[PDB]
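Structure first, commentary second.
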Amino acid sequence: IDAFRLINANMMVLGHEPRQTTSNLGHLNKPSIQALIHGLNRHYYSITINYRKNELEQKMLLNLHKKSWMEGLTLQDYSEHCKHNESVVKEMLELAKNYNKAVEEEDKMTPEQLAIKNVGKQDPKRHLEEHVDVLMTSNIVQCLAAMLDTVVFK
Amino acid sequence: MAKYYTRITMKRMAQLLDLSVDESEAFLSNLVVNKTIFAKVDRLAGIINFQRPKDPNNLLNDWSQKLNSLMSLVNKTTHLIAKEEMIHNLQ
Amino acid sequence: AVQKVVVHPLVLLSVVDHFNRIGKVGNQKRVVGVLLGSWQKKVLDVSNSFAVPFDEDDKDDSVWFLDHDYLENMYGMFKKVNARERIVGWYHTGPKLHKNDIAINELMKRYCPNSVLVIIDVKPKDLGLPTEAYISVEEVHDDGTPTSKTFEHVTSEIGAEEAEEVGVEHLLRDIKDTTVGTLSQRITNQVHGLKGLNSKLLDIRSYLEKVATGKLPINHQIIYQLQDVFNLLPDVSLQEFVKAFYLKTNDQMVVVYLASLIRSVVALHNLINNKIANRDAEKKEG
Amino acid sequence: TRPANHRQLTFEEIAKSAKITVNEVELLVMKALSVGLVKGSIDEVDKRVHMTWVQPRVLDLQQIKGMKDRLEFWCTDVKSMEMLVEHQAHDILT
Amino acid sequence: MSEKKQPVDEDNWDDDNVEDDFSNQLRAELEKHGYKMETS
Amino acid sequence: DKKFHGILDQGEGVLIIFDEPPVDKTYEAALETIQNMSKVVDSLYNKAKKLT
Amino acid sequence: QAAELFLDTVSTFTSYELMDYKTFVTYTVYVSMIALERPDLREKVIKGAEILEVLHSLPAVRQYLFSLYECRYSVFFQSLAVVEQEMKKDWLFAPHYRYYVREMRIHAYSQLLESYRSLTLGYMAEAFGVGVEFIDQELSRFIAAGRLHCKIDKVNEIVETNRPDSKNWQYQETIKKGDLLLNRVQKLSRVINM
Amino acid sequence: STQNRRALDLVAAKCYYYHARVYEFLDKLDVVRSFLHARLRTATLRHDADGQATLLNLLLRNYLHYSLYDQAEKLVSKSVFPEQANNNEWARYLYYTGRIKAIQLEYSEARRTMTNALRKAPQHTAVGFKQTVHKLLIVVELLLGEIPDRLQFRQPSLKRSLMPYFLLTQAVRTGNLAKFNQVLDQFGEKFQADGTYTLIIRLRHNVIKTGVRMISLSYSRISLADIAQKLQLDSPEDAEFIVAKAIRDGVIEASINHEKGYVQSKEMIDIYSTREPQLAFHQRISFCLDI
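Chains as they are written, first to last, in UniProt numbering: chain A, 157 to 310; chain B, 366 to 456; chain C, 5 to 290; chain D, 283 to 376; chain E, 1 to 9, 40 to 70; chain F, 371 to 422; chain G, 196 to 389; chain H, 196 to 486.
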């Protein structure tokens with residue numbers, strides 16, 4: 157955004173600076189250099205804006221955009237969830253073998269050097285705490301939702 | 366008989382084919398080695414049964430299907446009742 | 005025949021601004037307008053709208069007006085500024101389903117074949133999605149009238165778009181419980197979803213208000229489903245549904261036992277990377 | 283008539299409640315499955331049938347009293363289990 | 001280091047479990063089979 | 371020789387036949403992670419226990 | 196692992212430390228009869244031309260290995276007494292000679308028992324090894340040890356087998372290692388950081 | 196605020212061990228106790244660090260070795276927690292109260308504060324109190340059933356202090372009865388020198404419950420007039436009677452044909468479809484989230 161409005165080029169010949177600042181409210185936003193290449197500030201000026209929000213509109217767009225209907229009251233493909241519970245763990249073994257590798261070449265060349273040098277091949281340590289978040293929220297959400305169906309549905 | 370029965374005796378089925386019990390066993394031999402009809406017959410108690418696997422995972426799997434059929438059904442009537450009140454007590 | 009409807013937040017805001025500019029009448033006015041949009045791949049889309057002048061006197065409430073000249077030329081402009089955009093049906097403000105909305109639809113079905121209506125909300129309070137739509141179906145059928153016609157609700161949600169999600173997520177700035185982890189599902193469908201089933205259980209209680217005292221039509225086609233819900237009510241706990249439940253608990257929690265065991269050693273290794281920067285830093289710097 | 287606990291009748295009871303012989307009730311139920319008015323399974327050695335789905339009938343203002351009351355204490359069971367949710371997972375989300 | 005204020009005063043593990051089993055039961059079970067053939 | 375599985379009886383000679391792919395993927399492919407992670411904690415003696 | 200490192204026995208040359216290559220053959224067969232079952236003993240060490248002819252010069256080891264394969268159960272213990280005595284006087288097996296035979300007993304027992312289900316306990320005397328009460332005290336201490344999946348009766352004089360799944364027994368070794376690794380890291384985290 | 200109590204509570208505690216070993220040589224013990232109560236009375240009111248700690252281990256040191264009340268007092272003692280006690284007086288603090296629950300029959304609660312008393316200890320070698328806790332920690336686990344390999348850290352100074360006591364648990368893992376008695380005369384005098392004999396004498400109940408679990412898991416249909424000759428019970432008429440409390444305690448489940456004489460047992464397999472391995476998880480899920 158940043159709407160603009162012209163300034164007279166008559167005052168440019170006079171060398172006179174317009175708009176006679178009486179409040180510390182105008183010079184808050186800094187103009188971009190690419191707009192400063194153009195006619196700002198020799199032919200037009202910026203104007204600070206805000207937005208008119210109101211509760212007549214605010215609530216009726218928040219509570220209506222992303223509402224999940226009955227998704228978490230499901231079981232998520234019950235033969236395949238435990239199948240996917242091995243589709244991660246199997247390569248998580250070998251990704252821990254890398255974690256059984258990368259720790260072993262420490263007390264070595266000053267691990268700031270182990271920051272530059274590890275941009276070619278994958279590391280365990282970040283990738284290994286990755287799947288643990290995946291292998292938890294996929295399990296804890298699915299195990300809990302199974303045990304609320306047993307009470308509510310008879 | 367595989368479609369609608371669960372467990373039938375050997376003597377009963379051979380009577381509904383009007384032939385020998387040995388000839389009945391020869392019929393089910395060359396059809397499940399064709400595996401076009403699955404069966405697990407017996408020749409000590411004569412107890413054959415149709416479509417009877419172990420079912421390790423299909424219990425909860427078919428149960429979870431019955432939820433989604435049910436939860437689609439409680440949503441079917443829910444938005445249907447509110448319009449039915451709108452044609453009796455409108456204005 | 006129609007799968008679902010897709011409503012954008014533009015047209016959602018493009019009614020409420022019109023409800024404010026007619027809100028000065030005070031006494032009574034319903035916002036009734038023309039709904040614009042397409043439908044492709046069997047999914048009803050809603051994109052744009054406006055509102056048509058409309059009045060209603062309380063005595064003899066079968067006299068409505070749609071100034072069709074205002075309906076012609078303004079759609080003639082909108083087709084001119086956007087040929088992709090077209091008519092999709094109509095809408096009304098819908099507090100409580102007023103009576104003219106049986107033949108408003110039949111008045112203007114000469115433009116859209118499946119002339120769908122949309123009921124919106126002007127006072128937002130619920131635990132759901134306060135956007136309703138119906139469909140028009142007629143019947144030479146069972147018992148009521150030789151000419152019978154009753155609206156049927158098709159499912160309704162607020163569809164998104166890439167361009168508007170910039171503006172939608174800009175105008176909120178209030179609260180947005182993102183970072184979907186182990187607790188986004190706990191609240192979007194486990195706190196709320198159980199209370200989702202509250203008002204669905206409570207809705208058939210509201211039909212149940214006619215046991216001997218309520219309205220005069222009784223059932224005929226409402227109870228075949230309710231007879232099935234108590235019949236298709238799920239399997240009781242006697243079978244290996246007991247045993248296969250403990251089977252998977254003895255399988256799903258194994259993965260949880262392995263993954264939690266991993267998380268300890270990872271943070272233990274991160275403790276060593278912090279003692280390498282404490283004891284090897286005090287002697288050097290001071 | 284039977285509740286949803288069992289609804290598991292035997293062939294001898296059909297031979298009692300329809301006074302028809304044993305060698306025809308199997309032909310009777312396969313016709314019932316083929317037309318589609320009932321959906322269940324058929325055992326033969328234990329002489330029972332596991333009927334599951336039946337055709338929905340009509341009812342008067344007395345059977346709604348059963349459907350009122352079997353529904354009514356199922357309301358508070360949704361109240362009771364969700365009461366654990368907003369009280370134990372309360373500090374997880376304000 | 002290594003103080004403990006005093007107020008008062040593989041190669042090994044698998045065979046220990048094997049020492050538990052045949053601790054006092056048929057150590058040199060070698061010749062009873064020669065004497066069980068004519069008895070049994 | 372495990373080319374076929376079942377059981378054999380001696381009183382009359384009854385061959386009870388049964389089959390199930392039991393499970394193998396879930397546990398032992400998760401069991402070796404434990405003996406892998408054992409070696410990681412052993413390597414933590416080579417950067418912490420000797421060091422600090 | 197030791198049968199897996201001794202897997203080749205082809206490029207394993209007439210070396211210095213087992214100066215008879217046939218001594219190396221005796222070592223790789225003694226570890227093979229534990230490490231692998233009989234879909235693999237019936238293909239690898241019974242059919243290898245490199246392994247058949249080198250114990251063709253051995254009357255003892257050829258009779259000892261094949262008696263397990265030929266189901267000659269009674270003569271199996273006769274040379275097992277010979278090998279285990281030789282295992283004692285030999286270096287480098289004498290640290291674990293008592294662990295060998297108790298694994299070879301339980302492998303010779305359960306091989307015979309997993310064929311049948313209703314085998315009486317007085318049949319194993321005259322066909323497998325003499326002494327009925329010798330079989331009694333031996334099978335009682337292995338079922339109590341948690342292995343050898345069967346269940347013996349006493350006064351109707353029969354041995355019954357069962358079949359468990361590979362779930363309870365596979366769960367058992369997991370809870371050992373999970374306790375052992377958590378014993379390692381909890382003791383570690385106390386040692387470091389004071 | 197000059198730490199005159201704090202720095203000298205150590206000097207109080209460190210002189211007490213010389214104040215004790217003189218008095219544990221040639222003098223009395225008990226008016227120092229009333230002097231220690233007033234020393235404990237002035238603690239926790241003025242300052243609340245390391246005066247609550249050392250004045251209670253030094254209160255216990257002969258109150259355990261006496262029969263004076265002093266054990267339900269330490270239950271209703273509020274001074275159980277000084278909450279920090281410098282990692283060496285704290286570590287044996289859980290030990291001195293660890294024997295208290297052991298000597299008054301509180302078994303399962305004691306073994307976790309015995310273990311915690313073992314693994315908060317320093318890196319010394321001449322450790323003769325660690326020679327005592329490593330003995331005592333798995334006395335109470337023989338009372339419960341579990342038994343680790345005790346010689347897993349065996350030393351040139353630990354080996355001679357284990358060989359009578361290691362031979363004791365050789366008999367417990369077996370089912371023999373007078374094998375316990377072959378210990379209890381060969382090393383009965385050594386067990387009083389360590390001061391543990393009143394615990395050792397009650398192991399005959401635990402040997403026979405280990406035996407009846409071993410027999411019922413081995414044999415399925417065993418005569419009750421056969422188990423007594425194997426356990427050298429010398430009597431079949433009480434061979435029913437131990438099995439009676441074995442079902443009362445709930446070791447074995449199944450029936451006894453008392454008229455015939457055989458004890459049948461059901462083959463209980465598939466515990467996999469039971470809740471109980473989740474309890475082995477839920478103890479260890481929550482703990483690994485704590486660490």
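Ideal Cβ positions, reconstructed from N, Cα and C, are used throughout, including at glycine.
Could you confirm whether any beta carbon from chain G is found closer than 8 angstroms to the beta carbon of residue i?
i: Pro391 (chain F); result: no
i: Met67 (chain E); result: yes
i: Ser70 (chain E); result: yes
Give me the residue from the options with the minimum Cα distance to residue i.
i: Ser227 (chain G); options: G:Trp286, G:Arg336 and G:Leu200; result: G:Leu200
i: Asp344 (chain H); options: E:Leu56, E:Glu49, E:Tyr65 and E:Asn54; result: E:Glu49
i: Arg284 (chain D); options: D:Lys347, D:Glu306, D:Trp335 and D:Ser323; result: D:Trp335
i: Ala399 (chain F); options: C:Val258, C:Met112 and C:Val92; result: C:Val258
i: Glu236 (chain A); options: C:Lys287, C:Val170, C:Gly290 and C:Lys252; result: C:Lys252
i: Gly341 (chain G); options: H:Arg216, H:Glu268, H:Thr239 and H:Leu412; result: H:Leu412
i: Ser203 (chain C); options: B:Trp428, B:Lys400 and B:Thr442; result: B:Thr442
i: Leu353 (chain H); options: H:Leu339, H:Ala366, H:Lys325 and H:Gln365; result: H:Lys325
i: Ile451 (chain H); options: H:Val438, H:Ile410, H:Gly445 and H:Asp444; result: H:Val438
Since residue i meets chain F, which of its residues come closer than 8 angstroms, beta carbon to beta carbon?
i: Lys419 (chain B); result: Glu390
i: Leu409 (chain B); result: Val384
Checking contacts by CB at 8 angstroms: is residue i closer than that to chain E?
i: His302 (chain G); result: no
Mind checking if residue i is an interface residue toward chain H, Cβ cutoff 8 angstroms exclusive?
i: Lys247 (chain C); result: yes
i: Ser53 (chain E); result: yes
i: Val8 (chain E); result: yes
Applying a beta-carbon distance threshold of less than 8 angstroms, which residues of chain B neighbour residue i?
i: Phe155 (chain C); result: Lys448
Using a C-beta cutoff of 8 angstroms, does residue i count as contacting chain C?
i: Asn351 (chain G); result: no
i: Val406 (chain B); result: no
Please tell me whether residue i has its Cβ less than 8 angstroms away from any Cβ of chain A.
i: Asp65 (chain C); result: no
i: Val20 (chain C); result: yes
i: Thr97 (chain C); result: no
I want to verify the contact list: residues of chain A whose CB lies under 8 angstroms from the CB of residue i, in sequence order.
i: residue 1 (chain C); result: For residue 1 (chain C) there is no data in the structure shown, the boundaries of chain C being 5 and 290.
i: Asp359 (chain D); result: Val307 and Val308
Per DSSP, what are the beta-bridge partners of residue i in this structure?
i: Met333 (chain D); result: D:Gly322
i: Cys345 (chain G); result: G:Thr356
i: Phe160 (chain A); result: A:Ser202
i: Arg25 (chain C); result: Bridge partners of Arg25 (chain C): none, in fact.
i: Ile417 (chain H); result: H:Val458
i: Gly37 (chain C); result: C:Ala55 and C:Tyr95
i: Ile139 (chain C); result: C:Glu156
Find the residues of chain C that neighbour residue i, judging by a C-beta separation of less than 8 angstroms, and give them in chain order.
i: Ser434 (chain B); result: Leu236
Are the C-beta of residue i and some C-beta of chain D separated by less than 8 angstroms?
i: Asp71 (chain C); result: no
Spell out whether any CB of chain F is found under 8 angstroms from the CB atom of residue i.
i: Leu262 (chain C); result: yes
i: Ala252 (chain A); result: yes
For a contact meaning CB atoms closer than 9 angstroms, what does residue i contact in chain H?
i: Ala230 (chain G); result: Correct list: empty, because the minimum Cβ distance to chain H is about 25 angstroms.
Taking Cβ positions only, does residue i come closer than 8 angstroms to chain B?
i: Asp325 (chain D); result: yes
i: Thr230 (chain A); result: yes
Name the chain A residues whose beta carbon is nearer than 7 angstroms to that of residue i?
i: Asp373 (chain D); result: Those do not exist, as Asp373 (chain D) stays about 17 angstroms from chain A at its closest Cβ, beyond 7 angstroms.
Anything in chain C within Cβ reach of residue i, meaning under 7 angstroms, just list it in chain order.
i: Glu213 (chain A); result: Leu17 and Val20
Just checking, does the stretch 380 to 390 of chain H make contact with the stretch 49 to 63 of chain E on the three C-beta pairs under 8 angstroms criterion?
no
Decide yes or no for the touch test of the stretch 347 to 356 of chain G against the stretch 235 to 254 of chain C: beta carbon pairs closer than 8 angstroms, at least 3 of them.
no
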